[PDB]
Amino acid sequence: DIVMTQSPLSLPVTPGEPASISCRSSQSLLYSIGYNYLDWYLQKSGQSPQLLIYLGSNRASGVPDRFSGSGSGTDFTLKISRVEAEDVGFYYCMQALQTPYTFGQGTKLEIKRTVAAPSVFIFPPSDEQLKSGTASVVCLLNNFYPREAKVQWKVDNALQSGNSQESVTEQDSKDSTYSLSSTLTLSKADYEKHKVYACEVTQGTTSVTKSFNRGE
Amino acid sequence: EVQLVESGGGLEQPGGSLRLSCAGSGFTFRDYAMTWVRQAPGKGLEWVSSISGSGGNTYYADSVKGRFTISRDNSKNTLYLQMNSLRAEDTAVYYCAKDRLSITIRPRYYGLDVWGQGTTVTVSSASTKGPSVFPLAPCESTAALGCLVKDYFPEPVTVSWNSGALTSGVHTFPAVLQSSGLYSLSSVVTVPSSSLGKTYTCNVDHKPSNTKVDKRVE
């Protein structure tokens, strides 16, 4: 099988600046003059892959002028002349010279924007869930940058660990921010034994705590 | 518009079977070679199989040989992948893709120009579990609302808001795998607080359990 290797694997870029992704094949992809059987694909978060470049250098339908492909034989390059927010996602090269078609590992294009503070929201467990004997308390961190932020759960001012899980969205195609959701899981009995539920969000010099009282 | 619509994914036991479909519209189906590509959870893209325009030639990844069969019904504009002797390694989103134009003796390649939306195959001995959908509501001028989609198996769950009419400011988060082996996911939206007294409904689809839940968030 033909092996495809991409470099780099992660690419952080400031909007407006150029980006370059290398793809190298283990065997020549030049079938004949002008026919390098090498494609480039973008996969945006939660979407199907989409064609950018085919046969080494040809822009596909609807692909902006900012995208170009070059190279021959074993060495290929995708260039984005000016990176825009909507370019965020994973970039894959693929050879179509021989079966099996083979892909590069993927390059994650990240967008380097200004620091944005999250909008923080806390949600109590629903009355409906409490009937099942479990309480999920949810904290939302909305539209922040950079990715690095810490959630600290507090129950009657006592620090919590090992009873929460969180996940983070991929970079937003419009504003280049992340969002985070954290769930604190307690038994109904433990939940009803305490009053103040607090989610503390730390980002650099700022900590923001949103809270609720169970009785209220 | 040239479009590919997929179906047939689900949860199966090891050694089980499943058939995937990929229906084409807005183009002459028989004029094009067709291709299956898969993506394992958190992984890259892997080629599975290709078929010529007529169906006369078929091509397979070594790991699926003797197990998978690619076929097509050109009168029905449909590409198939018969998946027998299913293995845990087959767990993936499966995409179909439009391949080389095949109305000349030698086909002409223009990339994999159109892709289907994907269909998910999960291979596990674990039973399916439908989700329990709970409201996320506060206990300011902008309010957040949401739904917590708890204790389901397997992935995936899709969430829309107001039957797809509400899209701006929607964040549907990656699921977490709980210690129970069940997934939990949240979906949120930010709305004006002034009009809370407007209806907001999350629409939660879980294909493997044949379950759709609509939850009005008060």
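Below, read A as the first sequence line, B as the second, and so on, with proteins coming before strands; counting in each chain starts at 1.
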Quick one: pull up [atom1] in [X] and [atom2] in [Y] and give me the separation to the nearest 0.5 Å.
| X | Y | atom1 | atom2 | answer |
| --- | --- | --- | --- | --- |
| A:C23 | A:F103 | SG | CZ | 11.0 Å |
| B:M34 | B:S49 | CE | OG | 11.5 Å |
| A:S179 | A:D172 | OG | CG | 7.5 Å |
| B:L136 | A:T183 | CG | OG1 | 8.0 Å |
| B:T211 | B:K129 | OG1 | NZ | 10.5 Å |
| B:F68 | B:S85 | CZ | OG | 9.5 Å |

- Please say whether more than 12 non-hydrogen atoms of neighbouring residues, nucleotides or ligands are located less than 6.0 Å from CD in B:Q13.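 Incorrect, the count does not exceed 12.
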- Task: For the residue pair A:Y197 and A:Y191, categorise the inter-ring angle as parallel (less than 30°), tilted (30 to 60°) or perpendicular (more than 60°).
- Result: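 Ring orientation, 0 to 90° scale: tilted.
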- Before giving the answer on side-chain contact (heavy atoms from CB on, under 4.5 Å), spell out for A:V138 and A:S181 the whole-Å C-alpha distance, their side-chain angles and the decisive distance to 0.1 Å. CA-CA 7 Å; A:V138 175; A:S181 177; 3.9 Å; yes
- Task: Show your reasoning for whether side-chain hydrogen bond (donor to acceptor under 3.5 Å, both in side chains) applies to A:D127 and A:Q129.
- Result: CA-CA 6 Å; A:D127 281 336; A:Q129 189 194 16; over 6 Å; no
Using atom types as modelled and distance alone, determine if a side-chain donor or acceptor of [X] lies under 3.5 Å from a backbone N or O of [Y].
| X | Y | result |
| --- | --- | --- |
| B:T119 | B:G9 | yes |
| A:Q171 | A:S176 | yes |
| A:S26 | A:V3 | yes |
| B:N77 | B:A23 | no |
| A:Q160 | A:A158 | yes |
| B:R19 | B:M83 | no |
| A:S167 | B:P174 | yes |
| B:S193 | B:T142 | no |

Would you say [X] and [Y] make side-chain contact, with heavy atoms under 4.5 Å?
| X | Y | result |
| --- | --- | --- |
| B:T35 | B:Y95 | no |
| B:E12 | B:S17 | no |
| A:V137 | A:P125 | yes |
| A:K108 | A:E170 | yes |
| B:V2 | B:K98 | yes |
| A:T169 | B:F173 | yes |
| B:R38 | B:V121 | no |
| A:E200 | A:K154 | yes |

- Query: side-chain hydrogen bond (donor to acceptor under 3.5 Å, both in side chains) between B:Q117 and A:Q47: does it pass, once the steps are laid out?
  - Reply: CA-CA 7 Å; B:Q117 88 284 11; A:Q47 286 183 29; over 6 Å; no
Aromatic centroids of [Y] and [X] separated by under 6.0 Å:
| X | Y | result |
| --- | --- | --- |
| B:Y32 | B:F27 | yes |
| A:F123 | A:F212 | no |
| A:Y92 | A:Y41 | no |

- Message: Walk me through whether A:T107 and A:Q6 qualify under side-chain hydrogen bond (donor to acceptor under 3.5 Å, both in side chains).
- Response: CA-CA 7 Å; A:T107 297; A:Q6 281 177 239; 2.9 Å; yes
Does one side chain, of [X] or [Y], offer a donor that lies under 3.5 Å from an acceptor on the other?
| X | Y | answer |
| --- | --- | --- |
| B:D99 | A:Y101 | yes |
| A:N143 | A:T177 | yes |
| A:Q43 | B:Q39 | yes |
| B:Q178 | B:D151 | yes |
| A:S25 | A:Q95 | no |
| A:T185 | A:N163 | no |

- Task: Give the C-alpha distance, both sets of side-chain angles, the deciding distance and a yes or no for side-chain contact (heavy atoms from CB on, under 4.5 Å) between A:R147 and A:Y178.
- Result: CA-CA 6 Å; A:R147 204 192 196 111; A:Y178 302 92; 3.4 Å; yes
Under 4.0 Å between a side-chain nitrogen and a carboxylate oxygen: does that hold for [X] and [Y]?
| X | Y | answer |
| --- | --- | --- |
| A:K150 | A:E166 | no |
| A:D190 | A:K188 | no |
| A:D175 | A:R113 | no |
| A:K210 | B:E140 | yes |
| A:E17 | A:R82 | no |
| B:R87 | B:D90 | no |
| A:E192 | A:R214 | no |

- Task: List the steps and the verdict of side-chain contact (heavy atoms from CB on, under 4.5 Å) for B:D205 and B:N203.
- Result: CA-CA 7 Å; B:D205 200 31; B:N203 323 106; over 6 Å; no
Minimum heavy-atom distance [X]-[Y], with the two atoms named:
| X | Y | result |
| --- | --- | --- |
| B:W161 | B:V188 | NE1-O, 4.3 Å |
| A:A85 | A:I111 | O-CG1, 4.2 Å |
| B:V217 | B:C147 | CG2-SG, 3.7 Å |
| B:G111 | A:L51 | CA-CD2, 3.9 Å |
| A:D87 | A:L42 | O-CD1, 3.9 Å |
| B:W115 | A:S48 | CB-CB, 4.2 Å |

- Item | Residues that A:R24 engages under side chain to side chain donor-acceptor pair (under 3.5 Å), provided they are two or more places apart |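 Counting only residues at least two positions away or on another chain, A:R24 forms a side chain to side chain donor-acceptor pair (under 3.5 Å) with A:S22, A:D75.
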- Task: Please assess A:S161 against A:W153 for the test side-chain hydrogen bond (donor to acceptor under 3.5 Å, both in side chains), listing each intermediate value before the final yes or no.
- Result: CA-CA 8 Å; A:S161 189; A:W153 283 103; over 6 Å; no
- Message: With side-chain contact (heavy atoms from CB on, under 4.5 Å) as the criterion, how do A:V151 and A:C199 come out once you've worked through the C-alpha distance, each side chain's angles and the decisive distance to 0.1 Å?
- Response: CA-CA 7 Å; A:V151 173; A:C199 172; 3.8 Å; yes
